[PDB]
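Chemist: I'd like to ask you about the structure that follows.
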Amino acid sequence: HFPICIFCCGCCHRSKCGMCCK
Amino acid sequence: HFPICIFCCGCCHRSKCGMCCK
Amino acid sequence: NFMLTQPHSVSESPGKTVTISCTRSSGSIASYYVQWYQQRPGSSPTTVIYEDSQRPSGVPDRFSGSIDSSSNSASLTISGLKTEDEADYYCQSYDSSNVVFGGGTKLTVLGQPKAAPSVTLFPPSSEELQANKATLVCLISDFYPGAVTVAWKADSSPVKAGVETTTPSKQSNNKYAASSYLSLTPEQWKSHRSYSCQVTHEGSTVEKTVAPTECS
Amino acid sequence: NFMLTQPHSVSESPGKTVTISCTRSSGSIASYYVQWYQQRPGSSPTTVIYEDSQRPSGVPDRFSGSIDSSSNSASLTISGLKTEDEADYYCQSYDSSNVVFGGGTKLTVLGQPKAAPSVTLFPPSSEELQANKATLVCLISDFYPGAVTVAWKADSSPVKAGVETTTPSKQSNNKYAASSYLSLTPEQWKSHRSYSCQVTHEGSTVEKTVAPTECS
Amino acid sequence: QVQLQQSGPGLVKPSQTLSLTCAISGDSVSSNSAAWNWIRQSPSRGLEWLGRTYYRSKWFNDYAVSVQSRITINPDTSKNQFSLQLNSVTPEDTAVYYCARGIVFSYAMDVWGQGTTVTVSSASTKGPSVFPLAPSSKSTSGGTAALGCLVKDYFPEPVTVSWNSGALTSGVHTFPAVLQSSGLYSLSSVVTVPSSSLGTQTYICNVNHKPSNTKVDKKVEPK
Amino acid sequence: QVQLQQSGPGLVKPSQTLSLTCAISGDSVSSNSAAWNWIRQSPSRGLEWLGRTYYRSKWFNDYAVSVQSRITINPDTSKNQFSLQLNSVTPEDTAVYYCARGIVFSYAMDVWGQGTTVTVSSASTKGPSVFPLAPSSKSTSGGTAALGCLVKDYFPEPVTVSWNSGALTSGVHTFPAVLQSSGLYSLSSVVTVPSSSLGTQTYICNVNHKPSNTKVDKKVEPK
């Protein structure tokens, strides 16, 4: 509906850093 | 009789330098 | 703005286990996923390990990735080496601002005795100097494994401008040759007392030196 | 306190004419008589020319001396070269205070293609370092004509202490080999990043370099 | 199986725009689980990621800082392809360009395309000048002497070299070409022969450069 | 024909006196037209004239400035010989010593004796230590690897070396010895072999040093 992608850590849904989407 | 040897040039009986005797 | 550093080459006998490491200059190796790519000569790369240790469909289980958050270094290990595994391997990662590849590691699977390169340095030909140029050709031959480092000097100083070098490649007998060129003007060639081609292979060096006043 | 300077070696095909010069550093070449001596390997010298151009009984008339009061240099000329004429030749003179020999010139009468030396530098053996010594051996092989110049370096600096070198001598195939040694203590060997053996032949140079950290 | 077909000019003049397309089959350019990347490779710069495009309810594109000001990566859902453009090219943009499928999160590449060489040079067709690499004691080892021919400043590739019209093949090695800062290529061809033959056997290199309709024969003798 | 026969100790300890004689035949030590010279030769100092004796109604002797303070050259008409002594020798006096006939005026040598090696060293009988010169890629060229054995610190000469008890002779080269500043000798022996044999053929050097009744066999394998 309102789409984002974000560079983050401990996030969707992984132990590490990287690029997280939708 | 009274013996010498001498280092000399244009001498006994040569165009060059070197050691001349008796 | 980090870098990933791998040994230039690594060699090991068939059947044995080999590891290729990759050290991260800054940033935590463990915080970002590490990929490994295989590239055979004249071919596009192929992914062998992704997300630290995931092995894509079709990659032999002989291939595995690992991480050493201590030495800050990822590692690609290959067991039961087969000659097909001979290739360049590159590690790759990222941080928040850039994607980074490692510089690559040539893996040789030893099929014959190791041999230091023969090096011949050709001065400019008289014909070329009439053409107002002066090219030094460094011919590097018959070495194994096929990985070298080449550097040029003028007198005793490193020279970087005007150098071009080819990637080693196989000769008819399965050893490798490589070539390198130092392009100068005839005034530069005549301006110095000597020029040198230096080649490092398996951690030792040969340097050949020629003089424009040759003679004799 | 003058010197007499000759080329280190000179080479020429059989039948041809060759000259070997000898330049006097100070004093007038013309004021003092110049002798030439021939010395075959493993033999005592033989006089070939005395008092500038006198040819002793038994010396072929192919041999003659001359003087060039201008360049301040005596010269030994040999025509119709034969392989027997292959030897070291030394000029000699004097002044009022000393007798001086030239440094000698190796005359090769070309019997086969010229060939640059192959050089292999052996690091100290692990066994020798246990004996508390460290000897670098520079093996110099298969060159022609058989005249070389050898120099050693530590890191980038010339090293003179602890070097010994043999006079080139014939191999079974009629090319020449020579050997050279750099003796160090193990602390000296481990103290530097590299050591080099440099060999000049026919006016070009090869240098081989090894590191105590070898590896790899 | 995913296939990536690359297409576009292999020669681009300095200051012009490099333009390549990657046509995808076996997968979707709008695929919800993929990213579509461009990566280039040269000897000396090694592998360099350029950027990537992907659809997550919306098209997102990530780009390497080094090229962001001159780069365009565009999807095309009507053709199931993505493109690469790079404006204002310089000879530092000469490289093999790969398209690839990868993983959004981990900046990973999944599936690599076959690659396209793009050369940036202002040169046109120019035939080579051939110079001898004469044998001497310094190219002789044992009873074996190296001799050769240097093939300078030609464009485009390729040149082929034989020795003695193909009578001499044993011991011949022709190197790959270098591209010099002039935007022209040079290579060498070497052959190893008995050193005792140097007085009496003729050695001639035959340099062929079809693009400029030129052939050069050069006899190489001792210095 | 003039003959010059040389005689005297070939080994002299540092600080002692070197003493050589030259016995003349076919000519007179008092000859009115000759001078009787001593000349030495080393690699590194080259040829060096030492001095000379001659009779012109009286014995005259000329001498090189460098050695005049330690040198004696004496004729003996009763034996038709001349001698050389050099006091207080150091290892820099190691050399081949020639007697020679020459010409008074032009400092010329006429007739050379056969020479005598004199070594100055304080060493006595010592057997060698043998170390491997192991083959590696750095001693391999083509399909050929060099390997060897270093024979260190023995006295006096000679050492002889064979390979594989004499089974291996092709490609073997044993160098002459060096005399080190320690007053002891060292040499090497090298052999060139197929590089493909390094895995499977044994290479053993056999070092013989008769003076110390020692034989050393050393297997040389790749590093």
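Chains: A, B, ... in order of the structure tokens. Residues: from 1 per chain. Ligands: from 1, in order shown.
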Residues of chain F within 7 Å of chain C, counting only C-alpha atoms - could you list those as a VMD selection string?

Modeler: chain F and resid 137 to 138 140 to 142 195 to 196

Chemist: Put those residues in a file: N, CA, C and O atoms, as a JSON list (two decimals), in the first residue's frame.

Modeler:
[["chain", "number", "residue", "atom", "x", "y", "z"],
["F", 137, "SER", "N", 60.67, -24.50, -6.55],
["F", 137, "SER", "CA", 60.31, -23.82, -7.86],
["F", 137, "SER", "C", 61.41, -22.83, -8.22],
["F", 137, "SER", "O", 61.74, -22.72, -9.42],
["F", 138, "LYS", "N", 62.04, -22.16, -7.22],
["F", 138, "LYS", "CA", 63.12, -21.18, -7.55],
["F", 138, "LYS", "C", 64.46, -21.73, -8.15],
["F", 138, "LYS", "O", 65.22, -21.01, -8.76],
["F", 140, "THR", "N", 64.06, -24.34, -10.39],
["F", 140, "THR", "CA", 63.53, -25.17, -11.44],
["F", 140, "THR", "C", 63.30, -24.25, -12.68],
["F", 140, "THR", "O", 62.90, -23.10, -12.54],
["F", 141, "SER", "N", 63.71, -24.74, -13.83],
["F", 141, "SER", "CA", 63.54, -23.99, -15.08],
["F", 141, "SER", "C", 63.07, -25.01, -16.09],
["F", 141, "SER", "O", 63.71, -26.06, -16.31],
["F", 142, "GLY", "N", 61.87, -24.80, -16.64],
["F", 142, "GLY", "CA", 61.37, -25.76, -17.59],
["F", 142, "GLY", "C", 61.04, -26.99, -16.81],
["F", 142, "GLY", "O", 60.41, -26.89, -15.75],
["F", 195, "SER", "N", 62.56, -32.31, -13.11],
["F", 195, "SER", "CA", 61.82, -31.81, -11.99],
["F", 195, "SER", "C", 60.73, -32.85, -11.62],
["F", 195, "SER", "O", 60.28, -32.93, -10.48],
["F", 196, "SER", "N", 60.36, -33.70, -12.57],
["F", 196, "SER", "CA", 59.30, -34.69, -12.30],
["F", 196, "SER", "C", 59.81, -35.87, -11.46],
["F", 196, "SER", "O", 59.03, -36.59, -10.88]]

Chemist: Considering only strand (DSSP E) as DSSP defines it on the backbone, what residues of chain A qualify? List them as a list in words.

Modeler: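 The strand (DSSP E) residues within chain A come out as residues 5, 6, 7, 8, 18, 19, 20 and 21 of chain A.
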
Chemist: Return the neighbours of chain D among the residues of chain B, cut-off 7 Å, counting only C-alpha atoms, as a list in words.

Modeler: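 Residues passing the distance filter: residues 7, 16, 17 and 18 of chain B.
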
Chemist: Write the residues of the preceding selection, restricted to N, CA, C and O atoms, as a PDB file, in the first residue's frame.

Modeler:
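Below is the file that was written, again.pdb:
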ATOM      1  N   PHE B   7     117.692   5.112 -11.964  1.00  0.00           N
ATOM      2  CA  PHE B   7     116.441   5.299 -12.720  1.00  0.00           C
ATOM      3  C   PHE B   7     116.468   6.620 -13.498  1.00  0.00           C
ATOM      4  O   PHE B   7     116.577   7.665 -12.881  1.00  0.00           O
ATOM      5  N   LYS B  16     113.180   6.023 -23.944  1.00  0.00           N
ATOM      6  CA  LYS B  16     112.232   6.059 -22.820  1.00  0.00           C
ATOM      7  C   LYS B  16     112.899   6.047 -21.470  1.00  0.00           C
ATOM      8  O   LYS B  16     114.123   6.069 -21.368  1.00  0.00           O
ATOM      9  N   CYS B  17     112.050   5.979 -20.442  1.00  0.00           N
ATOM     10  CA  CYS B  17     112.468   5.935 -19.054  1.00  0.00           C
ATOM     11  C   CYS B  17     112.610   4.515 -18.591  1.00  0.00           C
ATOM     12  O   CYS B  17     112.029   3.609 -19.191  1.00  0.00           O
ATOM     13  N   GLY B  18     113.342   4.321 -17.505  1.00  0.00           N
ATOM     14  CA  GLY B  18     113.560   2.993 -17.017  1.00  0.00           C
ATOM     15  C   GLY B  18     114.827   2.995 -16.240  1.00  0.00           C
ATOM     16  O   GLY B  18     115.379   4.053 -16.028  1.00  0.00           O
TER      17      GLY B  18
END

Chemist: So how far away is atom CA of residue 4 of chain B from atom CA of residue 3 of chain F, in Å?

Modeler: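 Calculated distance between atom CA of residue 3 of chain F and atom CA of residue 4 of chain B is 28.8 Å.
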
Chemist: Could the residues of chain C that have an atom at most 12 Å from chain D be listed as CSV, each with its closest atom pair and the distance in Å to one decimal, counting only C-alpha atoms and ordered by chain and ascending residue number?

Modeler:
residue,atom,partner,partner_atom,distance
C:7,CA,D:216,CA,10.2
C:8,CA,D:216,CA,10.6
C:9,CA,D:216,CA,9.5
C:10,CA,D:216,CA,8.9
C:11,CA,D:216,CA,10.0
C:114,CA,D:216,CA,11.9
C:116,CA,D:120,CA,10.1
C:117,CA,D:208,CA,11.6
C:118,CA,D:118,CA,9.1
C:119,CA,D:206,CA,9.3
C:120,CA,D:206,CA,9.6
C:121,CA,D:204,CA,9.7
C:122,CA,D:204,CA,10.8
C:123,CA,D:204,CA,10.7
C:145,CA,D:216,CA,11.6
C:147,CA,D:216,CA,11.8
C:148,CA,D:216,CA,12.0
C:156,CA,D:156,CA,9.5
C:157,CA,D:156,CA,11.4
C:193,CA,D:204,CA,11.6
C:194,CA,D:204,CA,9.3
C:195,CA,D:204,CA,10.3
C:196,CA,D:205,CA,9.1
C:197,CA,D:206,CA,9.9
C:198,CA,D:207,CA,9.0
C:199,CA,D:208,CA,9.9
C:200,CA,D:209,CA,9.2
C:201,CA,D:216,CA,8.6
C:202,CA,D:216,CA,5.0
C:203,CA,D:216,CA,4.7
C:204,CA,D:210,CA,5.2
C:205,CA,D:209,CA,5.1
C:206,CA,D:208,CA,4.6
C:207,CA,D:207,CA,5.1
C:208,CA,D:206,CA,4.6
C:209,CA,D:205,CA,5.1
C:210,CA,D:204,CA,5.2
C:211,CA,D:204,CA,7.0
C:212,CA,D:204,CA,10.2
C:213,CA,D:203,CA,8.9
C:214,CA,D:203,CA,6.4
C:215,CA,D:203,CA,5.9
C:216,CA,D:203,CA,4.7
